[PDB]
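Next up: just one chain, as structure tokens, the form deposited without the ligand.
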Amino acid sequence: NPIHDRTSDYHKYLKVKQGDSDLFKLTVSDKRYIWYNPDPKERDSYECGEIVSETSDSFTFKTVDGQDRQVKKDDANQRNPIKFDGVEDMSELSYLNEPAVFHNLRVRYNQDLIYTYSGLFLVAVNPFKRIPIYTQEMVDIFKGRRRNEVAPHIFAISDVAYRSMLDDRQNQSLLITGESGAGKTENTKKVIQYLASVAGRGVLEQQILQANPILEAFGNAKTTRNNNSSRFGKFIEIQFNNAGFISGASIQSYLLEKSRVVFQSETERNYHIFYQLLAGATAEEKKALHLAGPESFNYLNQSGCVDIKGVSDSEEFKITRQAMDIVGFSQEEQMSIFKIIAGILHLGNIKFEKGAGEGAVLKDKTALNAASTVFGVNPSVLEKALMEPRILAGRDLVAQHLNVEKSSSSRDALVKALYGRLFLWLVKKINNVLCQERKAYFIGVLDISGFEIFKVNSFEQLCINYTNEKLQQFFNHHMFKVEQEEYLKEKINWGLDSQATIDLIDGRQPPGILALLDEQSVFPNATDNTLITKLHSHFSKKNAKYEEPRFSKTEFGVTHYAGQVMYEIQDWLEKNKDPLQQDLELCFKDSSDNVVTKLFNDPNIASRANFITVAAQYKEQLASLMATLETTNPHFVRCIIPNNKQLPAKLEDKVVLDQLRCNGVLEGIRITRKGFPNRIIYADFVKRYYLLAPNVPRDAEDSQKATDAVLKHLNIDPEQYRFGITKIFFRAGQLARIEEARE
């Protein structure tokens, strides 16, 4: 039994290694230390300084350098006793300051132990290296074990959710968020892998597994922060029957990065699929698709990157092709999908020229005809739709000859439409196959980014940040009930903060940012400036969460849960409307392609509501998501990047701390720190501290009484503790002191 077998890879890779003795005595030390900032400037870098003396009011301690310093006892970041180094739950720390938190995490990570609980959260730090803790053999160990029985692990929360589901007959949720490359996708995949195993009977299960490889081909790409970035968020419903077996599944996708199709930063790549196709297509397909090397395509040849290190596009294509096969995509459907991809490539190879007059024209219809071919549309018709769309100028419908820029920008729009619609299609197709109308229970897995604060923040960042404000509030309300419940299950004694930021964004009356945005979107002639001015007119010095910049005329800031975020307004009106000329819609609507036809003919795909804005849709989709979550028992996994360099064994305190500040971990602890953070089961206390008092035996039948004894013996300030129905509750620092007592 691996749990017992100290020689198992379970013990090796998942636990702090244990020696022969448990004896309190081993960890004895007269030394007292604190966490300090060697440089007041950088306050996330800390060093440990041994307290050399103490006043009634302060502490005086020797630095790393050997230089003495002094601090107020009340600002003091006392270091927990060494015994606490490496505990599996930060809730178990006695001194809970930020530096204490970081160190526990660090201690763990230094042993390659990536998972740590912080109360209700499962903290997962990207190791940036392989750890063999996801084998079937590993899965098997977590079956039916309590959180407290096994080591922290993604499999563990997963197992806990499944048992709760079975036991409470309640739907569940796992919220996996964090920064790009923090490891959300990986963790998500492990959750499904595990549920598939633990609850499977397979064919279905297979299809379920296979959807992912498909989605990843189309929704993932190589970026500067990760080589296989998922550029879309998702909510995955794993469905089960009353008996506990997987009966189906559903996927909801969000915020796919369409911009990527037409433009990629230096070093990055376009979506994997493009590459897979160019490399994995039969030389007999190429020709049929007029394919060539990426260097041959504008949408591929601009980042200088066309291949991933230790990645075979050819091989991945096979992988993807197979998956499609398994889920249920006809050989034919598969063509057109490839065709669309192809055609997209072609579209971007159209060179707009404009000398004649001012309007663009096409001297070389090669690329054009190429695309029209694979699309099954009429080049003449498409040619005109791109450069000469009829626009309703009042009562009349007149064709405007577009210049080169506008012309290019239209083609671009056409490609993003095609891409986003195809994606929707894929997802809907997959769901047709996997989804259950008649389902008994479900476990939904939300895998999306946490708060986004980049150099430059745009409309999509406001969106994701809005979602985050809502999930953070959901967590907070969740923690508040659960805490009350606990105090209550024992017999202890005793509306929010995110609302305002939430209101500022999505408020209807007075209108918040998005409503103002929608208002401006109705006027064809509105501009970024009219937009931004309207926003400042409504909120500058008038809404405490908003800030109009001292000099920039194109940005505005929002005080988010994670801090202030500065947004820029460029193209917001265009983003909100997500326009596509109707002539283009016309052109594609008659496609000779059976798939392409759906992308333009099917309203559930070709349009939003078309009537509602992108903002309005975002809002609604989020309300739906939240309502769903609301009906579930949730579980939270915070994924953390250890540094910005994709390096293992490099845990940077500033990078780390900042994530924990933003993701709710540190706040949860601060809040916890205030009450009775340490909650021990009587026997457990006694079992370690019986030697602290006289006459107390390790194994006492009246554990509560015996606890009272030791406490008493040591004359502990009863304000510091609370006797509960099954556990002794301790205020911060109390247990540290106890631990620090003499045998």
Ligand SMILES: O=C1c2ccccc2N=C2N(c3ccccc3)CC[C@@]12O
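Start at 1 with the first residue shown and count on from there.
The stretch of deposited sequence separating residue 609 from residue 610 contains 4 to 9 residues lacking coordinates in this entry. The entry shows an unbroken chain from residue 551 to residue 552, with no unmodelled residues of the deposited sequence in between.
As listed in the deposited structure, the average C-alpha B-factor of 114 to 122 and of 394 to 402 is greater for 394 to 402. Mean C-alpha B-factor is higher over 41 to 49 than over the other stretch, the pair under comparison being 673 to 681 and 41 to 49. Note on 437, 186, 519, 485: the highest value goes to 437, judged by CA B factor as recorded.
Per the deposited coordinates, the residue with the largest Cα temperature factor out of 295, 652, 658, 316 is 295.
The PDB entry assigns residue 95 a C-alpha temperature factor belonging to the middle third of its chain's modelled residues. Remark: residue 575 belongs to the lowest third of its chain, ranked by C-alpha B-factor as recorded. In this PDB entry, residue 427 carries a Cα temperature factor that places it within the middle third of its chain's modelled residues. When the modelled residues of the chain are ordered by C-alpha B-factor, residue 152 sits in the lowest third. In this PDB entry, the Cα temperature factor of residue 721 sits in the middle third of its chain's modelled residues.
In what follows, reference is made to the form deposited with the ligand bound, a form of this protein that is not presented.
Shown here without its ligand, the chain is overlaid with the ligand as it sits in the entry with it bound; three or more ligand atoms lie within 2.4 Å of backbone or C-beta atoms, and the site is blocked. Only one of 621, 197, 628, 597 comes within 4.5 Å of the ligand in the entry with it bound through a heavy atom, and that residue is 621.
Contact with the ligand in the entry with it bound, defined as a heavy atom within 4.5 Å, holds for exactly one of 460, 483, 518, 112, namely 460. Taking non-hydrogen atoms only, residue 99 never approaches the ligand to within 4.5 angstroms in the entry with it bound.
Although the partner is absent here, residue 449 lies within 4.5 Å of the ligand in the entry with it bound, judged by heavy atoms. Interface residue remark: residue 117 is not counted as part of the site for the ligand in the entry with it bound, having no heavy atom within 4.5 Å.
Contact check for residue 668: no non-hydrogen atom falls within 4.5 Å of the ligand in the entry with it bound. Look at 281 to 289, 473 to 481, 232 to 240, 652 to 660: in the entry with it bound, residues with non-hydrogen atoms within 4.5 angstroms of the ligand sit in 232 to 240.
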